């Protein structure tokens, strides 16, 4: 998938905005491994996603929305735990400005797909 400007890989990992994810985040909390810090991250993605202009939210956007209280290393840690649980599908990415690197796009997974 192609990311368009003004986004670059400097902004960090990407999350695809999902209106259905609002109700999924409450369903995720029934599953083993879904901690409150993971729920905090996904709730921030949901709130910041309301003002998204391109259907995406980046890690840097999440950091700036907390005035730096939520650091990049803290986001990457909770993200690894969330991918370990299976809440996110990792999607390979390519930017029109700069290299992709280790940056990936993350899509919320339907909870009825998790129980299987």
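Positions refer to the first chain, counted from 1.
Here 68 to 76 and 39 to 47 are compared by their mean Cα B-factor, and 68 to 76 comes out higher.
On average the C-alpha atoms of 58 to 66 have higher B-factors than those of the other stretch, with 58 to 66 and 78 to 86 being the two compared. Annotation for residue 53: CA B-factor lies in the highest third of the chain's modelled residues. In the PDB entry, a CA B factor belonging to the highest third of its chain's modelled residues is recorded for residue 99. Annotation for residue 11: C-alpha temperature factor in the highest third relative to the rest of the modelled chain, per the entry. Among the modelled residues of its chain, residue 17 has a C-alpha B-factor that falls in the lowest third, as given in the PDB entry.
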